[PDB]
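> Residue numbers (the UniProt record's numbering), protein chains in the order written: chain A, 2 to 72; chain B, 4 to 72; chain C, 4 to 72; chain D, 1 to 72. Every residue gets a Cβ at the ideal spot worked out from N, C-alpha and C, and that includes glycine. Okay, here's the structure, questions in a sec.
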Amino acid sequence: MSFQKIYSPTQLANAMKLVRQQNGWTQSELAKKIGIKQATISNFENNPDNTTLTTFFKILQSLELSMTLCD
Amino acid sequence: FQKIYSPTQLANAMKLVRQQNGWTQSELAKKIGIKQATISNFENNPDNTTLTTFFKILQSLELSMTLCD
Amino acid sequence: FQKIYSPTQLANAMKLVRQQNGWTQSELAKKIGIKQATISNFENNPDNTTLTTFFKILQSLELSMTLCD
Amino acid sequence: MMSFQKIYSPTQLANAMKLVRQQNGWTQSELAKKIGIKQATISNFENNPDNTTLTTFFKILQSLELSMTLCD
DNA sequence: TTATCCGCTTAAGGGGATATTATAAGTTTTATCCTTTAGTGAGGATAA
DNA sequence: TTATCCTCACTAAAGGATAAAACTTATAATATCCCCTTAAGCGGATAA
Numbered sequence: 002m003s004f005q006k007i008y009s010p011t012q013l014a015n016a017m018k019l020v021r022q023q024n025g026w027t028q029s030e031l032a033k034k035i036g037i038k039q040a041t042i043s044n045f046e047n048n049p050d051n052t053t054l055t056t057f058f059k060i061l062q063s064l065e066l067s068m069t070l071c072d
Numbered sequence: 004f005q006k007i008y009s010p011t012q013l014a015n016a017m018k019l020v021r022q023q024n025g026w027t028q029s030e031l032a033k034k035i036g037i038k039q040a041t042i043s044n045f046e047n048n049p050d051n052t053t054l055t056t057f058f059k060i061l062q063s064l065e066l067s068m069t070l071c072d
Numbered sequence: 004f005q006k007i008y009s010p011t012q013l014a015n016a017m018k019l020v021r022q023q024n025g026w027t028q029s030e031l032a033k034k035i036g037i038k039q040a041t042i043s044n045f046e047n048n049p050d051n052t053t054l055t056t057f058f059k060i061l062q063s064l065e066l067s068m069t070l071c072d
Numbered sequence: 001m002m003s004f005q006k007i008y009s010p011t012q013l014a015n016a017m018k019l020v021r022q023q024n025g026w027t028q029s030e031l032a033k034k035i036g037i038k039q040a041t042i043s044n045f046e047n048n049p050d051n052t053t054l055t056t057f058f059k060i061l062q063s064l065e066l067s068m069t070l071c072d
């Protein structure tokens, strides 16, 4: 499937936006599906540096994926 | 490592590892030049922590975060 | 009943009790399972007697011992 | 908050004193030194009082600065 | 579809450093072990 | 009735020390705290 190492929010957001794109999902439907505003999703994607982890583990849900750490 | 689904557990994993390596909050708060009271609030109240500090902390422990299903 | 401060004063004391109550050392002994002789030493020579026995014959004269300041 | 019931066993009496000893902040060693006996003896008293001798009992009762009486 | 935008309530991060704790030591306070002698205390029992 | 002896298995207590456990400091380490400046995210929602 697809795993690479992410080391930064500007690197990590890239991949997530790619996932949503690929499954052809629109921001408007992830937001009205997890309970956050469309804006939230857009600000996240273009402004990853300062977003709350609740949002980040909340979007993974939307994208139907999870995460693990590794050395 | 197992799978992480919420900020809280995400902080336990990184905590659990910080202890295993016998590292202290102070010796790792200077390796990334960050506030000692930040690594603290992080482990206890990670829910609203910035993703920048998160990654500065992650690389502090010499590991790397990864997406999956 | 005044305060006692020696194994002797403590013995004369309890004996005077056994005496006034028509009891004998040979009978007091039966009821609490101790050698009649043992009671004879308790009164005549209490210094090396044993607290157990001490509270065996005590509870035998159906009495108790409370501390005092 | 300050009063004593009636002691019926050799343990009850033993622990009753171990309590007065501590409530006064006295170590088994200074009491022992006072009355010329070993601390090793004060020790076995609060622990294994069944076989202890009255001599010792009144020796500690005294140093602890107490006395006793008989009850009905 | 999505990057943008005023108002408005709630909070992390960089500063600077301290209440607050969980650990190492550091010793007190107790409990135990050795050897010997001596006296219970239980069996059984008998003077006076 | 009660004080005493005789044999025996058992241990207090005292002399001489010391393991093992309870409380006290050291002292590093994790959580808190005040103040500023700053961005988040929800609301209703609109330009591109």
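Select from C/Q62, C/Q5 and C/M17 the residue whose C-alpha is nearest the C-alpha of C/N47.
Residue 47 of chain C sits at position 44 when you count from the first residue of the third sequence. Answer by Cα proximity: C/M17.
> Verify the CB distance criterion: does C/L19 have a CB-CB separation below 8 Å to chain D?
Stepping through the third sequence from its first residue, residue 19 of chain C is reached at position 16. Answer no: the Cβ-Cβ gap between C/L19 and chain D never drops below 8 Å.
> Measuring alpha carbon to alpha carbon, tell me which of B/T69, B/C71, B/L70 and B/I60 ends up nearest B/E30.
Position 27 of the second sequence holds residue 30 of chain B. Ranking B/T69, B/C71, B/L70 and B/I60 by Cα distance to B/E30 puts B/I60 first.
> Measuring CB to CB, does C/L64 end up less than 8 Å from C/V20?
Counted from its first residue, the third sequence places residue 64 of chain C at position 61. Counted from its first residue, the third sequence places residue 20 of chain C at position 17. Against a cut-off of 8 Å, the Cβ pair of C/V20 and C/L64 comes out as a contact.
> Just curious, the alpha helix (DSSP H) that C/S29 is in, first and last residue?
Taking the first residue of the third sequence as 1, we reach residue 29 of chain C at position 26. Where C/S29 is concerned, the enclosing alpha helix (DSSP H) stretches over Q28 to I35.
> Quick check on D/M2: does DSSP put it in helix, strand or coil?
As a first step, residue 2 of chain D is located in the fourth sequence; it is residue number 2 there, counting from the start. D/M2: coil per DSSP, three-state reduction.
> Starting from A/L19, trace the alpha helix (DSSP H) both ways and give me its first and last residue.
Position 18 of the first sequence, counted from the first residue, corresponds to residue 19 of chain A. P10 to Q23 is the span of the alpha helix (DSSP H), which, as asked, contains A/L19.
> Does chain B have any CB closer than 8 Å to the CB of A/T55?
Counted from its first residue, the first sequence places residue 55 of chain A at position 54. Yes - at least one Cβ of chain B is within 8 Å of the one on A/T55.
> Closer than 9 Å by beta-carbon distance: list the chain A residues that pair up with B/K6, in chain order.
Taking the first residue of the second sequence as 1, we reach residue 6 of chain B at position 3. Neighbourhood of B/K6 in chain A, by CB distance below 9 Å: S67, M68 and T69, in chain order.
> Would you mind sorting A/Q28 into buried or exposed? The rule is 16 or more other CB atoms within 10 Å of its CB.
The count along the first sequence starts at 1 and reaches residue 28 of chain A at position 27. Its Cβ being crowded by 16 or more others within 10 Å, A/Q28 is buried.
> Do you know whose CA, among D/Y8, D/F57 and D/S3, lies nearest D/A32's CA?
Working through the fourth sequence from its first residue, we reach residue 32 of chain D at position 32. Minimum Cα distance to D/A32 is reached at D/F57.
> Determine the burial state of A/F4: buried for a count of at least 16 other Cβ atoms within 10 Å of its Cβ, exposed for fewer.
Here residue 4 of chain A refers to the residue found at position 3 of the first sequence. Exposed.
> Among all the DSSP beta bridges, which residues are the ones paired with D/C71?
Taking the fourth sequence and counting its residues from 1, one reaches residue 71 of chain D at position 71. According to DSSP, D/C71 bridges with C/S67.
> By how many angstroms is the C-alpha of D/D50 removed from the C-alpha of C/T52?
The count along the third sequence starts at 1 and reaches residue 52 of chain C at position 49. The count along the fourth sequence starts at 1 and reaches residue 50 of chain D at position 50. In a straight line, the C-alpha of C/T52 is about 11 Å away from that of D/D50.
> Determine, using beta carbons only, whether C/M68 and D/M2 come nearer to each other than 8 Å.
In the third sequence, residue 68 of chain C corresponds to position 65, counting from 1. In the fourth sequence, residue 2 of chain D corresponds to position 2, counting from 1. No, the pair does not count as a contact, with Cβ atoms beyond the cut-off.
> For D/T52, name the three-state secondary structure that DSSP assigns.
Within the fourth sequence, the letter at position 52 stands for residue 52 of chain D. Three-state DSSP puts D/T52 in coil, outside helix and strand.
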